[PDB]
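In: Sequence, then structure. It's an experimental one.
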Amino acid sequence: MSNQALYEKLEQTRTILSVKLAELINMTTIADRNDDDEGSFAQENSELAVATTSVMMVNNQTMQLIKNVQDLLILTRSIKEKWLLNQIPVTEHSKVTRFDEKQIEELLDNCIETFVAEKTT
Amino acid sequence: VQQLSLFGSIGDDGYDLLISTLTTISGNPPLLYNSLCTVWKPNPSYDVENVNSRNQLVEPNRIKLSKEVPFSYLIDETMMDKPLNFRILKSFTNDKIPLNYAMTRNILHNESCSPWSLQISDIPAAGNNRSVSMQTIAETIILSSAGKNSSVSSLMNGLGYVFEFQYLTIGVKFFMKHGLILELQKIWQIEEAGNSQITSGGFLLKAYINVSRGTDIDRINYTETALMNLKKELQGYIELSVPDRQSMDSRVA
Amino acid sequence: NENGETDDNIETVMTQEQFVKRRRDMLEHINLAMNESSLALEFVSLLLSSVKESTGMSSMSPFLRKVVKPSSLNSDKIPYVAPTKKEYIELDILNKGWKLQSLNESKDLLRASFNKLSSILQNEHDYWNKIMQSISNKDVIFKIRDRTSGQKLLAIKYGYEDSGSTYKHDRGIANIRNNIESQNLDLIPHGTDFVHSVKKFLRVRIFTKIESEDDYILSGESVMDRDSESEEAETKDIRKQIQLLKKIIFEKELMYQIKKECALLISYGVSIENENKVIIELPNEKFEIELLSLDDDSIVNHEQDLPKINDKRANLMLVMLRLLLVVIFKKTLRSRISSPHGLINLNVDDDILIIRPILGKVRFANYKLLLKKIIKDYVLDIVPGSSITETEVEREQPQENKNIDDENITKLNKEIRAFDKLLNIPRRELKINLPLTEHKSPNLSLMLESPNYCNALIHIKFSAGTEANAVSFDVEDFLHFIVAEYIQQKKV
Amino acid sequence: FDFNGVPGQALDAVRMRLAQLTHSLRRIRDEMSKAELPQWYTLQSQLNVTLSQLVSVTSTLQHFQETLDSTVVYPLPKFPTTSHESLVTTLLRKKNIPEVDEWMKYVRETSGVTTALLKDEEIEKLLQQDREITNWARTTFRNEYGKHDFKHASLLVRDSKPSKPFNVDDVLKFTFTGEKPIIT
Amino acid sequence: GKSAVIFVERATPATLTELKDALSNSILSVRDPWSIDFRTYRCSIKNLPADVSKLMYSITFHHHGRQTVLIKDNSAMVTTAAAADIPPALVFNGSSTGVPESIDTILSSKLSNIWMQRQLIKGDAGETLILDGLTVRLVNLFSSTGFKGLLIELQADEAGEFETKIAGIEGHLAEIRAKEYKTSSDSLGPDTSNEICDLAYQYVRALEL
Amino acid sequence: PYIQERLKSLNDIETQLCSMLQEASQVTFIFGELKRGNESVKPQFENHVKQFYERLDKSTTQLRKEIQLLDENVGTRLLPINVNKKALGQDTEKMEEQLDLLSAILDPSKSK
Amino acid sequence: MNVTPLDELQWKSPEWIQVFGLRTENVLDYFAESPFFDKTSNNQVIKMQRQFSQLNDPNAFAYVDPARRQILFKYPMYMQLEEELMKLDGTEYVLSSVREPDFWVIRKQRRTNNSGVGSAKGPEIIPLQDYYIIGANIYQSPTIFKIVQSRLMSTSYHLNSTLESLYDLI
C-alpha cells in the first residue's frame, strides 16, 4: 500500500538521477563532438536537426530534471499530509471519569427544575 | 430478501488495529453480539419428489433457526468482566463457552419456547464475475409455540425436518451508512462431543447489506456500489471479496 | 508543499489581457509549426512512384487535385562528399557549438529562477510549520476541493462542528492561512472572517407581567452569556484559534435553537406573523426566552451590571433548554449507533422534536399550575380533619435514573444509562398524590398527568372493611363534583 | 521504361516520420484552438512531449539516409498542370530558412569565433574535446553518488509476512452445509 | 381470555345479516373490519404409514398483525410476517434480516415438495361487534369453490362464566332458523400460556368434517 | 504531538530538494564558462557539481528513509492504520455537550 | 554584400526581346542563370572564336543514343547540337561513351527542365550524373532533398519552440 506509494517515489528519484547526466553528457554532443576516431558513436551531422538536438535537450532534460523535482516535492508533501491525516487519539482521563458523572447528576437536574420552576416549600 | 456481501479475514493479531480503524471509518463503536444457528435437513426417513402440484422443479434444502443467546449462557469468566469485546475475544479463542447446546433445543435450566429466525437461503446469484455476493433469503419469525409438542425440536419434526448440525457465533458489528453492516466474528461448532472454534486463529470478516427489493435494479446497483466503496477504501489493508458460490449453497449439499 | 506545487501545475490564472494575449501567442506560434509540418506531409506526395505513395499523397486536398507523380533526381554522391568534406562543413559544426552554447546560457537562466521559484514554496513550508504548531491532536483533518472541476483546481483541508447526531442543514467548518501568519476560518456557509466576522450566541430572556395585577406592566430579565466583547484569538496562534473553534461550536449550537424554533411551531404559544416567534406562557403573564424566526442572539449593546430576580432564573432556563437538546443530540445517536439504517430526517410526529423547548414549557407551566389548582380542589376536601400526601411515586414507578441493568450491550448500555438520569427532566409529567382514613378504614388517590401541557386528573378510592367496596375513575369540573360526592360517602 | 527510377529509397522512411511529427503537431494545433479550455497539463505534456519525441525520430530519420538524400537532390519536372497555378510548385519544392536563420546568426555570433581560420580553429576543436573530457569527470562523480541497488523468495517472506488465519471459502462452506473446514 | 368458534355449514350470504339484526339490540359499539385466511396443507409424505397422521392447518389472522398459526396433530406454532412484530434482539445480533414473509409463502414456495396447499378459505370484511365482557366477530367464508358458510368468533376477557355467553348465542341461532351448525371451545385438554393461539386454532375443529 | 518532529524532518528534506535545484543551477552556468574554454574555475565547477549530486543523494536517502519510517509508523499502532481521513467530530463532542452545560448549570446553582 | 546562392530569380525581359521559344531558350538560360561555366559555352565560343582572321592555331544508318537520351528523344536543331556536344565530350569504351560537362534539356509546351551532366553507359543500363535545372517563365530551379527537408523542418521546430516558449503559462 504504502509500499506502492513509495515505489513511485523511488522511480522518480531514479528519473531525477538520470537527466542532469543527460544534460551534462548531451552538453558534449550538443556542443558538437565530431570525432577523428571512427569508433565513437554519437552523431551531429545535418544543420537544423543537429542543433535541434540542442533545442530538444533544453526542453527534455531541463524539464525532466525540474519535473523530477516538482513531482518529488509533491511526493514529499504528500507524505506530510499522510502524517497530518492523524491517528486515533484515546481519552486522557479515560478509566477515571471527570465531571459530576453518576446519578449524582439526576440530583443536579432536580435542583435546577425546582430552582427554575416556581412554588416555595 | 437480498443479501449482498463481501468477505475476508484477519488473524487475532490484526483485530486490535482493525477495530480502531473500523470505528473511525464508520464513526460508531463496534457492538457486541452473538447468535446460535441450528441447521435442519429433511427427515432422511421420509422421501419426496422434486415437483409441485404446480409442476415445479423444487429442490430439498436445509432450514436454519437462528437466535441470540444471552451472554449469561455463554461466558467463561467474570474476572475478565468488562464491556470490551476485542480484548474479550482473546479470552474466548480456541475453545468453548459452557455450551452443550442441546439443553436449550428442548428447554431446561412444563415449558413453552422462544422466538426464532427461521430461514432458508439459495446459492448466491449465478454470475460470471460478480463484484459482490448476492444471495436470496426466505425468512419468517417464530414468535412462541403452542400445542402438545411445543419444543422447537418437536415443531421441526412435526414439519418433517431433522436436526443436522449447529454453531455459535460471537462478534462485534458496526452499524454504518445505507444499511451497511460490518461483522467481525468468531464461529464455534457445537456438538455433543464437545465444542471447537471454526474461526480459530482469527476473525471472519463480513460486510453486507440486506435489501428489501431485489426487483429494484437501481437500489440493487446502489448496494453493489456501497460494498465496492468499502472494499476499495480498505484496499491495501484488507481485501473484501466474493466467496465461492458453491460454498454458500445450503441445498441437500 | 504538494498542494502548492499542484497549484502551479493547474495552469490557473486570473489575468485580463495579460492571460488573454499570452494564449493567443501559443495559438499562432504553435500553429506555424503545425502548418510547416504540413510541408513535411507534402514531401509525402512527392514520392508518387507506388500506390502506397498515392495514399501518402492524398494528404493534400490540392494533391487530390494535382494528379501527377512529379519530380526526379540524379547522383551527386560527390555533393554528399562536399557537404561532409568542405571547410564550410568543418566550420558549420561550429554553428553546433555556437547554438549549443546559447542553449546552455538559456539552461543556466532557467535553472536559477527555479530555486527562487522553490523560495515562494518556502512560504508554504512556513505555513505547514504554522499548521504543525497550534491546533493539533484530536481535531478535523477534513480534506476538501472547491472551485469545482473535480480534478486539480483548488484543494485543501480542515475541521468543522456537528458530527455524531444530525441537525441537517449548513453544518461544518473550513480553515486557511493568511500572510499575517494567522489562520482564517472559512465556513462552507453559516463568507469568511479570520476567527469569524459576526457571531450570534443563542441568548435568552424572561419577562413577568404582574403590577400586583395593576396596570398591565411587564418587565423582563435575561440570563446573559457574554465571555467578553474584546476578542483575542491571536494571529499566528491556532491555540487561540482552538478557542475560536470552540466559539464556532457555540455558533453551531445556536443552529440547534433554530430547530427548537421549529419545534415551537407545534404549539399554540406565541409565533407571530411568521416573521418573529416569541416564547411565552399564560400564568402571571410571563414570557421566557426569545430568538426571532429570523435568528437568536446578535451582538450590539451598552454594558451595565444590575442583575434582577427574573435574570437569575433566566440563566437557569438557557442551560436547561440548551441541555435539553443535547438530550435530543444524544437519543438521536442512540438510534444511530444502535440500528442499521441510520437516524437521518429528524423529528417525525414532532415527538422527537417537541422535547426541546416543548417539554420545558409544559413542565414549568402545566404540572405546576394544575397541581396548585388541584390543591384548591383538595381544599374542597379540606373539610374533614383528614390528611393527604404527594410523592415522586408516579415518577418512581416509571423512568428510573442511572440503573445498573443496561440494554443489549456493554457499549450500548453506557449510553442508555446516560440518557436515563437526564431523562427525568424530559419526562416531566406531574407525579400525583393521595389521602386516607383509619377506623374500619377507607382510602382514595389521584394522579396528575400532563400529556403535552394538557392536564388529566385520574383518581381512585377504596373503603376497606369486613366486606370490600371500591371505585376508580379517570375534566376538572367532574373532579370538583366527584369530591362533593365523596364527602357524602366518606364519614360525616 | 519511358522515364526513370529516379530516387526516394528511404523517402518512405522520411514520409512516415514526417507524418508522425505532422500528426502529433496537427492534433495539438486542433486543441490549441479550443483555447476555451486547455487540455490537462498532464494531457498537453503527453501530447507535446511525445510530439517533441516524434521530431527526434523525424530529426534522426533525416540523417540516416543523410548522405543519400542531399546527394539525390531532385528538382521537379511534371505534368504542365503543375505549371498552371504556378507558385504551389515554387512553394512545394522550395528549401529555405525562415526569419529563423536570423537567431541562428544571433547564436553563431554568440559563440567566440568567426574569420581567424583553420589553425586557430583546429585548436578550438581540441579545446572543446578537452571540455568533453572534463565532462567525463561527471563519470567519476557519478561513482561517488554510488546509488544503484535492487528491490530467495522464501528468505524474504519470513521477514515480510505471516498473513492468513484460515480459508474464507471453507469456513463459509461449513456454515451452509456442516461440511467442516479442512487444513489449508 | 377465553374463546369459542361457531360455523354455520348450511348457509347463504344473507344468513349473516339475519343474525346481525337478531342481535341489533344487544350491541355496544362496532369497531373496524377484520380478516382471516384459512389454509389446508395436505402433506406429501407416503413413507409415513396411515398409522400416524397427515395434514396441517394454517390460520392467518389480521388481528392488527399479519400473524399465522400452524396446527398439526394438536400442536400449534405461531409466526409473523410483519417486520414490526420481530423480537428486537433477533434483529440486532443478526439472527433476523428483519424481512419476514408469511410462513405460508415459505411453505408453498420453498417446501412445496413436502406440503401441497389443498384448500384456501378466506373471510373478508368481517364485522367486529362489541358487548360487555364478550367481543363477537362475524364473517362470510369463501372458497375457490364458492360460498362455504358463516363464521362466528367469540373472545371474552371474563374468565367468569363464559359457558352462559356461548349458550345464549346458540339460542339466537334457533330463532333465525339456523339448523345443522358446528361449535367448538376446544376439547378439555390443551394448556394456554398464549391463549390467543388456541382460540384461533379452534376454527379447525369447526371446519373439519 | 511529537510527530511534528518527523514532519519538520521531511519539510527540511523538502528544502534539500530545492537545493538540488539551486545547486545544479550553478552547474548549468558554470559548465557555461567551462566549455567556453576559459578553464578559470574548473575546480569550482567540480565542486558545485559533485554538490548537486550530494544534495540529491542526501535528499534521496532522507525522503527514502522517511518513507521507510512511515511504513514503520504504519506497522506501529502509533499512526492510524492503513487508510482514510474521516470523522473524529462525533466522538468527544457528543458526550462533552453535557460536561459544559452540566458544569455551568452547577455553576449557576451555587458558587464562589 | 549578399548572395542569391541556392537558386533564386531569372534573367528576364532582356532576352525576351531576343525571344524565348524553346531551342533559343537554352542559350537565354545561359546568360540568365549565370551557370554556363565550361563545356556548353566552350563549344559555343570555339565556333564563336573565329574573328577577323588574325593567326590562331592548334588542333582544338541513323538512330543511336543514351538510355536517358532514348527516354528523352530530341526534336529539332537542338538535336543537331546534341551530336556536337557528344563529339565535344566523350570518354570512349567498347560499347560506351561518357561526357564531361555538357548542359541539356527536357520540356513541354509553356515550360521545360534542363541538366548539365555526366553519362556512364552499358548494353542494359546508362546513367547521367549532373545538375538538373527546371525552367519556367525566365526562372531556374536547382534544388536538393535533404537540403529540401532541413528547410521547413527546422522551421517547424523553431516555431514549435516559440510554442514551447509560450507554455510560460501558470
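Out: It's in. Numbers count the residues shown, from 1 in each chain, chains lettered A, B, ... in the order given.
In: who's in contact with residue C:75?
Out: Counting by CB atoms under 8 Å, 6 or more residues apart in numbering or on different chains, residue C:75 touches D:71, D:72, G:127, G:129. Heads up, the C-betas are built off the backbone N, CA and C, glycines and all.
In: farthest residue from the center of chain C?
Out: Within chain C, the residue lying farthest from the chain centre (CA atoms, centre = their mean) is residue C:78, at 85.4 Å.
In: residue contacts, it?
Out: D:71, G:129.
In: And it, how close does it get to residue E:11?
Out: Distance of residue C:78 to residue E:11, computed by CB to CB, to the nearest Å: 127 Å.
In: Name the residues of stretch C:100-111 that come out as buried.
Out: C:100, C:101, C:102, C:103, C:104, C:105, C:106, C:107, C:108, C:110, C:111 (16 or more other CB atoms under 10 Å in any protein chain shown).
In: Could I get the full set of helices for chain B?
Out: B:12-26, B:85-92, B:102-105, B:152-158, B:217-233 (DSSP state H).
In: With distance to residue D:167 and mean neighbour count as new columns, can these be given to me in a markdown table?
Out: Below are those laid out as a markdown table (distance: least, CB to CB, whole Å; neighbours: other CB atoms under 10 Å in any protein chain shown):
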| stretch | distance to residue D:167 | mean neighbour count |
| --- | --- | --- |
| helix B:12-26 | 16 | 19 |
| helix B:85-92 | 20 | 17 |
| helix B:102-105 | 29 | 16 |
| helix B:152-158 | 31 | 20 |
| helix B:217-233 | 19 | 16 |
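In: of all the ones you listed, which lies closest to chain A?
Out: Among the helices of chain B, the nearest to chain A by CB to the nearest CB is helix B:12-26 (4.7 Å).
In: by contact count, what packs against the closest one?
Out: helix B:85-92, strand B:161-175, strand B:181-190, strand B:202-211 (3 or more CB pairs under 8 Å, 6 or more residues apart in numbering or on different chains; DSSP states H and E).
In: pull the longest helix from chain A.
Out: When chain A is scanned for its longest helix (criterion: DSSP H), the result is helix A:47-84.
In: Do a quick rundown of the helices in chain F.
Out: Using DSSP H, helices in chain F cover F:4-34, F:42-75, F:90-109.
In: near chain B, anything from the longest helix of chain A?
Out: No. Using CB under 8 Å from any CB of the partner chain, we find that helix A:47-84 stays clear of chain B, coming within 12.9 Å at best.
In: any idea of the angle that helix forms with helix F:42-75?
Out: With axes from the mean of the first three to the mean of the last three CA atoms, to 10 degrees applied, the angle from helix A:47-84 to helix F:42-75 works out at 40 degrees.
In: Look up the residues forming beta bridges with residue B:190.
Out: residue B:166, residue B:195 (DSSP bridges).
In: give the contact list for it.
Out: For residue B:190, the contacting residues are B:36, B:96, B:99, B:101, B:166, B:167, B:168, by CB under 8 Å, 6+ apart.
In: same thing with residue B:131?
Out: B:224, B:227, B:228, B:242.
In: Just give me the neighbour total for the closest residue to residue G:34 other than its chain neighbours.
Out: Using CB to CB, 6 or more residues apart in numbering or on different chains and skipping residues adjacent in sequence, the residue nearest residue G:34 is residue G:11, 8.0 Å away. The number of residues packed near residue G:11 is 17, by other CB atoms under 10 Å in any protein chain shown.
In: State the distance from residue G:11 to residue G:45.
Out: Counting by CB to CB, the gap from residue G:11 to residue G:45 is 19 Å.
In: now residue G:105
Out: Using CB to CB, residue G:105 is found at 20 Å from residue G:45.
In: okay, the two: which has more neighbours?
Out: Shown here are residue G:105 and residue G:45; by other CB under 10 Å, residue G:105 has more neighbours (21 against 8).
In: can you pull out the helices in chain E?
Out: Going by DSSP H, chain E shows helices at E:15-21, E:88-92, E:103-110, E:162-175, E:195-206.
In: hey, which of those helices is tucked in deepest?
Out: helix E:195-206 (a mean of 22; mean count of other CB atoms under 10 Å in any protein chain shown).
In: Could you name the helices and strands sitting against it?
Out: Identification of packing neighbours for helix E:195-206 by 3+ CB pairs under 8 Å, 6+ apart yields strand B:133-147, strand E:2-8, strand E:56-63, strand E:65-72, strand E:75-80, strand E:146-156, strand E:182-184.
In: what about these, which gets the closest to chain F?
Out: strand B:133-147 (22.8 Å).
In: close to chain E, is that closest one?
Out: Yes. Judged by CB under 8 Å from any CB, strand B:133-147 and chain E are in contact via B:137, B:138, B:139, B:140, B:141, B:142, B:143, B:144, B:145, B:146, B:147.
In: about what we covered before: what's the closest of the contacts of residue B:131 to chain E?
Out: residue B:227 (16.2 Å).
In: after the host helix or strand of the residue farthest from the centre of chain C, next one along is what?
Out: For residue C:78, the host element (DSSP states H and E) is helix C:77-85. Using DSSP H and E, the helix or strand that follows helix C:77-85 in sequence is helix C:87-132.
In: by contact count, what packs against that next one?
Out: Judged by 3+ CB pairs under 8 Å, 6+ apart, the packing partners of helix C:87-132 are helix A:2-30, helix A:47-84, helix C:2-8, strand C:174-177, helix D:100-108, helix D:119-145, helix F:4-34.
In: Make a markdown table from the ones you listed and add distance to residue C:88 to it.
Out: Putting the helices and strands packed on helix C:87-132 into a markdown table (distance: least, CB to CB, whole Å) gives the following:
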| stretch | distance to residue C:88 |
| --- | --- |
| helix A:2-30 | 21 |
| helix A:47-84 | 11 |
| helix C:2-8 | 46 |
| strand C:174-177 | 63 |
| helix D:100-108 | 13 |
| helix D:119-145 | 12 |
| helix F:4-34 | 27 |
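In: and of the ones you listed, who's closest to residue G:40?
Out: Nearest to residue G:40 among those is helix A:47-84; the distance by CB to CB comes to 32.2 Å.
In: tell me the angle the closest one makes with helix F:4-34.
Out: Relative orientation of helix A:47-84 versus helix F:4-34 (the same axes, to 10 degrees): 170 degrees.
In: and the angle from helix A:47-84 to helix C:87-132?
Out: Going by the same axes, to 10 degrees, helix A:47-84 makes 10 degrees with helix C:87-132.
In: Tell me which residues touch the residue nearest in space to the middle of chain A, please.
Out: Central residue of chain A (CA atoms, centre = their mean): residue A:75, 2.4 Å from the mean position. Residue A:75 makes contact with A:8, A:9, A:12, C:2, F:63, according to CB under 8 Å, 6+ apart.
In: Skipping adjacent residues, who's closest to the last one in space?
Out: Sequence neighbours aside, residue F:13 is the residue nearest to residue F:63 in space, at 5.0 Å (criterion: CB to CB, 6+ apart).
In: Of all residues in chain A, which one is closest to chain F?
Out: Nearest to chain F in chain A, going by CB to the nearest CB, is residue A:87, at a distance of 3.8 Å.
In: Look up the closest residue to that residue, ignoring the ones flanking it.
Out: residue F:80 (3.8 Å).
In: Residue G:37 now?
Out: Per CB to CB, 6+ apart, closest to residue G:37 is residue G:101, 7.5 Å.
In: Could you check how far the one you found is from residue G:115?
Out: Separation of residue G:101 from residue G:115 (CB to CB): 12 Å.
In: Looking at these two now, which is surrounded by more residues?
Out: residue G:115 (22 against 19).
In: So the more buried one sits against residue C:73, correct?
Out: No. The pair residue G:115 / residue C:73 is not scored as a contact, 10.6 Å apart, by CB atoms under 8 Å.
In: can you list residues touching both of these two?
Out: residue G:132.
In: Contact partners for the residue nearest to residue G:37?
Out: G:37, G:38, G:39, G:40, G:89, G:116, G:118 are the contacts of residue G:101 under CB under 8 Å, 6+ apart.
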